[PDB]
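Both backbone and side-chain heavy atoms feed into the values below; hydrogens, waters and symmetry mates do not. Quick note: residue numbers are just sequence positions, from 1.
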Amino acid sequence: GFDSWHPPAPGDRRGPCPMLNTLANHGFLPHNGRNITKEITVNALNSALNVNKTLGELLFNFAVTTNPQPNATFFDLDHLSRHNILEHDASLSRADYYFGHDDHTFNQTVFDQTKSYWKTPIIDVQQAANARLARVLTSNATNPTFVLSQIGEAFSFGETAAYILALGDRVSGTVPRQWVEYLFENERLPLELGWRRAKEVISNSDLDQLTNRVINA
Ligand code: HEM
Ligand SMILES: [Mg+2]
(Lines give C-alpha, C1' and ligand atoms only; values in the text may rest on other atoms or scores of the structure.)
(Ligands and ions follow the chains in the order given, each with its own letter.)
Protein backbone atom coordinates (compact mmCIF):
# COMPACT_ATOMS: atom_id res chain seq x y z
CA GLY A 1 0.00 0.00 0.00
CA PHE A 2 0.96 3.65 0.38
CA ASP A 3 3.11 2.92 3.46
CA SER A 4 5.31 0.19 1.98
CA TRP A 5 7.82 0.37 -0.83
CA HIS A 6 10.82 -1.62 -1.87
CA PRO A 7 12.71 -1.96 -5.14
CA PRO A 8 12.43 -4.98 -7.43
CA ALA A 9 14.66 -8.00 -6.83
CA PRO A 10 15.66 -10.77 -9.27
CA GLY A 11 12.54 -12.55 -10.43
CA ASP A 12 10.42 -9.42 -9.97
CA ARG A 13 9.10 -8.42 -13.39
CA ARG A 14 9.00 -4.78 -14.44
CA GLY A 15 7.92 -3.20 -17.70
CA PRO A 16 7.68 0.05 -19.65
CA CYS A 17 4.88 1.67 -17.61
CA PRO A 18 6.20 3.89 -14.77
CA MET A 19 2.90 3.67 -12.90
CA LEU A 20 2.44 -0.13 -12.95
CA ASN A 21 6.10 -0.50 -11.92
CA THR A 22 5.41 1.93 -9.08
CA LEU A 23 2.28 0.07 -7.98
CA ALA A 24 4.20 -3.22 -7.86
CA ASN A 25 6.98 -1.60 -5.81
CA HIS A 26 4.28 -0.50 -3.33
CA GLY A 27 2.58 -3.91 -3.33
CA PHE A 28 -0.68 -2.58 -4.77
CA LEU A 29 0.12 -5.00 -7.56
CA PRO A 30 2.07 -8.14 -6.60
CA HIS A 31 5.60 -7.01 -5.85
CA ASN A 32 6.92 -9.67 -8.24
CA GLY A 33 4.96 -8.14 -11.13
CA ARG A 34 3.57 -11.56 -12.10
CA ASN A 35 0.20 -13.29 -12.37
CA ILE A 36 -1.74 -10.03 -12.56
CA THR A 37 -5.46 -10.77 -12.94
CA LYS A 38 -8.41 -8.56 -13.80
CA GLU A 39 -9.44 -8.41 -10.14
CA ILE A 40 -5.92 -7.52 -8.96
CA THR A 41 -5.58 -4.85 -11.66
CA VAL A 42 -8.95 -3.24 -10.95
CA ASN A 43 -8.39 -3.25 -7.19
CA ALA A 44 -4.85 -1.86 -7.45
CA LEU A 45 -5.82 1.01 -9.75
CA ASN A 46 -8.86 1.86 -7.64
CA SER A 47 -7.16 1.62 -4.24
CA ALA A 48 -4.02 3.50 -5.24
CA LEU A 49 -5.36 6.07 -7.73
CA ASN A 50 -9.20 6.04 -7.57
CA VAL A 51 -9.45 4.70 -11.13
CA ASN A 52 -13.04 3.72 -12.00
CA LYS A 53 -13.30 -0.06 -11.97
CA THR A 54 -14.81 0.07 -15.46
CA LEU A 55 -11.70 1.87 -16.73
CA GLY A 56 -9.46 -0.52 -14.79
CA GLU A 57 -11.11 -3.50 -16.47
CA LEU A 58 -10.67 -1.96 -19.93
CA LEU A 59 -6.97 -1.36 -19.26
CA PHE A 60 -6.54 -4.95 -18.05
CA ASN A 61 -8.17 -6.18 -21.25
CA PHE A 62 -5.47 -4.34 -23.21
CA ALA A 63 -2.70 -5.58 -20.93
CA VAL A 64 -3.64 -9.24 -21.23
CA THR A 65 -3.24 -9.12 -25.03
CA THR A 66 0.53 -8.86 -24.44
CA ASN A 67 0.83 -12.19 -22.59
CA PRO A 68 2.32 -14.60 -25.19
CA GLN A 69 0.69 -17.61 -23.47
CA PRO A 70 -2.46 -18.91 -25.22
CA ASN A 71 -5.73 -18.52 -23.29
CA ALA A 72 -4.03 -16.38 -20.63
CA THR A 73 -6.22 -14.72 -17.98
CA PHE A 74 -3.30 -12.77 -16.49
CA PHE A 75 -0.24 -10.77 -17.51
CA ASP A 76 3.24 -10.10 -16.12
CA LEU A 77 4.67 -6.58 -16.23
CA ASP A 78 7.44 -7.54 -18.66
CA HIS A 79 4.91 -8.87 -21.20
CA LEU A 80 4.05 -5.19 -21.70
CA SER A 81 7.55 -4.64 -23.12
CA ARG A 82 6.88 -6.60 -26.33
CA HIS A 83 7.60 -4.09 -29.09
CA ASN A 84 4.67 -2.56 -31.01
CA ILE A 85 1.84 -4.36 -29.23
CA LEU A 86 1.03 -1.79 -26.54
CA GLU A 87 4.59 -0.49 -26.30
CA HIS A 88 5.53 1.99 -29.01
CA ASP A 89 8.35 4.25 -30.20
CA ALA A 90 8.77 7.87 -29.01
CA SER A 91 8.31 7.16 -25.31
CA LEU A 92 9.05 9.84 -22.71
CA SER A 93 11.44 7.82 -20.55
CA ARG A 94 12.46 4.68 -22.50
CA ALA A 95 14.61 4.28 -25.60
CA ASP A 96 13.11 3.14 -28.89
CA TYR A 97 13.53 -0.61 -29.28
CA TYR A 98 15.68 -0.01 -32.38
CA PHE A 99 18.76 1.38 -30.66
CA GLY A 100 19.62 -1.29 -28.10
CA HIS A 101 16.68 -3.69 -28.17
CA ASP A 102 15.68 -2.31 -24.74
CA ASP A 103 12.34 -0.51 -24.74
CA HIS A 104 11.74 -1.15 -21.03
CA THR A 105 14.67 0.08 -18.90
CA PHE A 106 14.30 3.62 -17.62
CA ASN A 107 16.66 5.81 -19.66
CA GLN A 108 17.80 9.03 -17.99
CA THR A 109 19.07 10.56 -21.26
CA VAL A 110 15.66 10.15 -22.87
CA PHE A 111 13.83 11.38 -19.79
CA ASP A 112 16.12 14.43 -19.54
CA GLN A 113 14.92 15.48 -22.99
CA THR A 114 11.30 15.14 -21.87
CA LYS A 115 12.00 17.11 -18.68
CA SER A 116 13.46 20.00 -20.68
CA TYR A 117 9.92 20.79 -21.92
CA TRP A 118 8.62 21.04 -18.34
CA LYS A 119 9.93 24.55 -17.83
CA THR A 120 7.92 25.54 -14.74
CA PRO A 121 7.13 23.93 -11.35
CA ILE A 122 3.59 23.21 -12.62
CA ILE A 123 3.18 21.32 -15.92
CA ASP A 124 0.21 22.38 -18.09
CA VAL A 125 -1.39 20.73 -21.13
CA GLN A 126 0.67 22.79 -23.58
CA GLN A 127 4.02 21.85 -22.02
CA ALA A 128 2.92 18.22 -21.74
CA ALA A 129 1.99 18.21 -25.43
CA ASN A 130 5.28 19.87 -26.39
CA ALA A 131 7.32 17.25 -24.55
CA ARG A 132 5.55 14.37 -26.27
CA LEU A 133 5.78 15.96 -29.72
CA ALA A 134 9.49 16.64 -29.26
CA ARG A 135 9.99 12.94 -28.53
CA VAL A 136 8.06 11.99 -31.69
CA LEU A 137 10.13 14.39 -33.82
CA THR A 138 13.37 13.09 -32.31
CA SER A 139 12.55 9.41 -32.92
CA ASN A 140 11.39 10.27 -36.44
CA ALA A 141 14.72 12.00 -37.17
CA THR A 142 17.02 9.40 -35.60
CA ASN A 143 15.34 5.96 -35.79
CA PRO A 144 15.30 4.54 -39.35
CA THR A 145 12.67 1.99 -38.24
CA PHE A 146 10.46 4.52 -36.41
CA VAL A 147 6.76 3.74 -36.51
CA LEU A 148 3.90 5.36 -34.64
CA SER A 149 0.74 3.53 -35.72
CA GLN A 150 -2.73 5.02 -35.35
CA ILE A 151 -3.21 3.02 -32.17
CA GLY A 152 0.32 3.72 -30.93
CA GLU A 153 -0.30 7.44 -31.37
CA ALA A 154 -3.60 7.22 -29.48
CA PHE A 155 -1.78 5.37 -26.71
CA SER A 156 0.96 8.03 -26.69
CA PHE A 157 -1.56 10.86 -26.24
CA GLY A 158 -3.34 8.88 -23.53
CA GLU A 159 -0.13 8.29 -21.58
CA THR A 160 0.56 12.03 -21.31
CA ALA A 161 -3.05 12.59 -20.21
CA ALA A 162 -2.63 9.78 -17.67
CA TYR A 163 0.15 11.37 -15.63
CA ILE A 164 -1.82 14.65 -15.44
CA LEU A 165 -5.01 12.82 -14.46
CA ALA A 166 -3.52 10.42 -11.90
CA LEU A 167 -1.21 12.94 -10.20
CA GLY A 168 -2.74 16.36 -10.90
CA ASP A 169 -5.87 18.39 -11.56
CA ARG A 170 -8.07 17.37 -14.48
CA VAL A 171 -9.98 20.66 -14.69
CA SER A 172 -7.01 22.99 -15.02
CA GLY A 173 -5.09 20.17 -16.71
CA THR A 174 -2.03 20.76 -14.56
CA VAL A 175 0.30 18.67 -12.40
CA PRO A 176 3.43 19.42 -10.31
CA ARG A 177 6.55 18.79 -12.38
CA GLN A 178 8.38 17.38 -9.36
CA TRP A 179 5.73 14.72 -8.75
CA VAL A 180 5.88 13.44 -12.34
CA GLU A 181 9.69 13.43 -12.29
CA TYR A 182 9.59 11.61 -8.94
CA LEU A 183 7.25 8.92 -10.29
CA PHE A 184 9.46 8.21 -13.32
CA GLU A 185 12.86 8.41 -11.65
CA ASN A 186 12.02 6.58 -8.41
CA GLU A 187 8.99 4.45 -9.40
CA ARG A 188 7.51 5.42 -6.05
CA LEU A 189 4.44 7.55 -5.41
CA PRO A 190 5.37 11.17 -4.48
CA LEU A 191 3.58 10.95 -1.12
CA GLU A 192 6.32 12.77 0.80
CA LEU A 193 5.92 15.77 -1.51
CA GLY A 194 2.20 16.03 -0.75
CA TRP A 195 0.48 13.99 -3.47
CA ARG A 196 -2.91 12.63 -2.42
CA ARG A 197 -4.96 9.95 -4.16
CA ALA A 198 -7.51 11.65 -6.42
CA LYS A 199 -10.62 12.55 -4.48
CA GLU A 200 -12.75 12.33 -7.63
CA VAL A 201 -13.10 8.99 -9.42
CA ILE A 202 -11.08 8.79 -12.66
CA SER A 203 -13.31 7.42 -15.44
CA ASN A 204 -13.16 6.89 -19.20
CA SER A 205 -14.75 10.30 -19.76
CA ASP A 206 -12.05 12.01 -17.69
CA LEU A 207 -9.29 10.30 -19.66
CA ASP A 208 -11.04 11.10 -22.96
CA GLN A 209 -11.48 14.83 -22.30
CA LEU A 210 -7.89 15.29 -21.14
CA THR A 211 -6.49 13.26 -24.04
CA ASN A 212 -8.42 15.45 -26.48
CA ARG A 213 -6.98 18.58 -24.85
CA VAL A 214 -3.44 17.25 -25.32
CA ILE A 215 -4.26 16.49 -28.97
CA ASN A 216 -5.72 19.97 -29.48
CA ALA A 217 -2.60 21.56 -28.00
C1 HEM B 1 -3.53 -1.78 -16.40
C2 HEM B 1 -3.22 -0.49 -16.54
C3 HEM B 1 -2.04 0.02 -17.42
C4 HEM B 1 -1.40 -0.61 -18.43
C5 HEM B 1 -1.69 -2.00 -19.06
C6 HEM B 1 -0.37 0.28 -18.91
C7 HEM B 1 0.51 -0.01 -19.94
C8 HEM B 1 1.52 0.81 -20.40
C9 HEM B 1 2.49 0.50 -21.44
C10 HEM B 1 2.54 -0.83 -22.23
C11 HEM B 1 3.29 1.57 -21.57
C12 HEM B 1 4.45 1.73 -22.55
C13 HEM B 1 4.00 2.64 -23.70
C14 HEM B 1 5.24 3.22 -24.31
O15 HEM B 1 5.84 2.55 -25.20
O16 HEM B 1 5.64 4.33 -23.88
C17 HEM B 1 2.86 2.58 -20.63
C18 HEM B 1 3.41 3.82 -20.50
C19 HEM B 1 2.97 4.81 -19.65
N20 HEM B 1 2.00 4.65 -18.68
FE21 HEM B 1 0.92 2.97 -18.28
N22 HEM B 1 -0.38 1.43 -18.15
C23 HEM B 1 -1.40 1.30 -17.22
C24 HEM B 1 -1.76 2.24 -16.28
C25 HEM B 1 -1.22 3.50 -16.14
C26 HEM B 1 -1.64 4.52 -15.21
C27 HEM B 1 -2.76 4.37 -14.16
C28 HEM B 1 -0.85 5.58 -15.37
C29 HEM B 1 -0.97 6.89 -14.56
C30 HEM B 1 0.07 7.71 -14.40
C31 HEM B 1 0.07 5.28 -16.45
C32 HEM B 1 1.02 6.12 -16.98
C33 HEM B 1 1.87 5.86 -18.03
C34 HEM B 1 2.80 6.81 -18.64
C35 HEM B 1 2.94 8.28 -18.21
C36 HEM B 1 3.46 6.17 -19.61
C37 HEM B 1 4.53 6.75 -20.55
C38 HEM B 1 5.90 6.15 -20.25
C39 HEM B 1 6.91 6.71 -21.21
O40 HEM B 1 6.52 7.33 -22.25
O41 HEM B 1 8.13 6.54 -20.95
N42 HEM B 1 -0.18 4.00 -16.90
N43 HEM B 1 1.77 2.08 -19.93
MG1 LIG C 1 8.17 2.69 -25.88
Side-chain angles (χ1 to χ4, degrees), residues 1-67 69 72-82 85-87 91-94 103-106 111 155 158-170 175-207 210-211:
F2 298 114
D3 279 336
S4 59
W5 182 92
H6 55 118
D12 296 337
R13 305 297 200 259
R14 298 288 183 269
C17 178
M19 178 57 81
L20 294 194
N21 292 343
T22 293
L23 296 185
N25 290 340
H26 281 274
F28 283 108
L29 295 171
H31 190 267
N32 71 359
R34 299 184 78 175
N35 203 9
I36 300 168
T37 58
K38 171 190 299 185
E39 46 263 47
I40 288 169
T41 301
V42 164
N43 287 345
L45 294 173
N46 186 260
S47 297
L49 306 174
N50 209 3
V51 169
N52 189 317
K53 296 192 186 288
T54 292
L55 179 49
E57 181 167 351
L58 171 68
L59 299 172
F60 169 83
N61 286 338
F62 279 103
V64 68
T65 70
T66 69
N67 189 337
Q69 165 174 139
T73 52
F74 71 95
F75 71 103
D76 300 351
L77 292 184
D78 63 325
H79 298 156
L80 301 175
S81 301
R82 296 174 64 200
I85 300 183
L86 302 183
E87 188 279 339
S91 293
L92 306 179
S93 70
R94 269 62 180 174
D103 63 20
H104 49 90
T105 301
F106 172 81
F111 196 53
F155 289 164
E159 290 142 20
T160 283
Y163 69 73
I164 301 171
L165 193 53
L167 298 177
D169 183 275
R170 75 198 70 178
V175 63
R177 172 181 64 193
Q178 188 177 16
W179 297 1
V180 183
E181 291 185 7
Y182 191 103
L183 186 83
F184 275 90
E185 293 176 339
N186 298 312
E187 287 180 344
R188 178 165 64 254
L189 295 162
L191 292 152
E192 58 184 334
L193 298 177
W195 170 83
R196 319 297 220 266
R197 173 180 179 272
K199 58 191 179 95
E200 282 102 24
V201 174
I202 296 171
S203 304
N204 288 76
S205 56
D206 302 290
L207 176 61
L210 206 48
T211 300

Do [X] and [Y] have side chains that get closer than 4.5 Å, going by heavy atoms?
| X | Y | result |
| --- | --- | --- |
| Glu200 | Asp206 | no |
| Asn204 | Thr54 | yes |
| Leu77 | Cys17 | no |
| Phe60 | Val42 | no |
| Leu20 | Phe75 | yes |
| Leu183 | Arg188 | no |
| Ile202 | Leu207 | no |

Any donor-acceptor N/O pair, [X] side chain to [Y] backbone, under 3.5 Å:
| X | Y | value |
| --- | --- | --- |
| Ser4 | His26 | yes |
| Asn67 | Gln69 | yes |
| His104 | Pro16 | no |
| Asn25 | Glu187 | yes |
| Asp76 | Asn35 | yes |
| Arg196 | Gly194 | yes |

Under the criterion side-chain contact (heavy atoms from CB on, under 4.5 Å), I'd like the reasoning laid out for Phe111 against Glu181: C-alpha separation, chi angles, the key distance, then a yes or no. CA-CA 9 Å; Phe111 196 53; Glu181 291 185 7; 4.3 Å; yes

State, to 0.1 Å, how close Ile40 and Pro30 come at their nearest heavy-atom pair, and which atoms those are. CG2-CD, 3.6 Å

So which heavy atom on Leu92 is nearest to which on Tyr163, and how close? CD1-CE2, 3.8 Å

In Å, rounded to the nearest 0.5 Å, how long is the span from [atom1] of [X] to [atom2] of [Y]?
| X | Y | atom1 | atom2 | answer |
| --- | --- | --- | --- | --- |
| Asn61 | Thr41 | CG | OG1 | 9.5 Å |
| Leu165 | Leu210 | CG | CG | 6.0 Å |
| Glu87 | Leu80 | CD | CG | 10.0 Å |
| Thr65 | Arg82 | OG1 | CZ | 8.5 Å |
| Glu185 | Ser93 | CD | OG | 9.5 Å |
| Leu45 | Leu23 | CG | CG | 6.5 Å |

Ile36 vs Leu29, side-chain contact (heavy atoms from CB on, under 4.5 Å): CA-CA, chis, key distance, verdict: CA-CA 7 Å; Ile36 300 168; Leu29 295 171; 4.0 Å; yes

Let me know which of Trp5, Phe28, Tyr182, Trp179 forms a side-chain contact (heavy atoms from CB on, under 4.5 Å) with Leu189. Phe28

Would you tell me whether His31 and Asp12 have side-chain atoms, one donor and one acceptor, within less than 3.5 Å of each other? yes

Do you see a donor-acceptor pair shorter than 3.5 Å between the side chains of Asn50 and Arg197? yes

Under a 4.0 Å threshold between the charged nitrogen and the carboxylate oxygen, would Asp103 count as salt-bridged to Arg94? no

Cationic N near anionic O, under 4.0 Å, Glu57 to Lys38: yes

Is the centre of the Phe184 ring less than 6.0 Å from the centre of the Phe106 ring? no

Assess the residue pair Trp195 and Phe2 against the criterion (side-chain contact (heavy atoms from CB on, under 4.5 Å)); give the C-alpha distance rounded to whole Å, side-chain angles, the decisive distance to 0.1 Å, and a yes or no. CA-CA 11 Å; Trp195 170 83; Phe2 298 114; 3.9 Å; yes

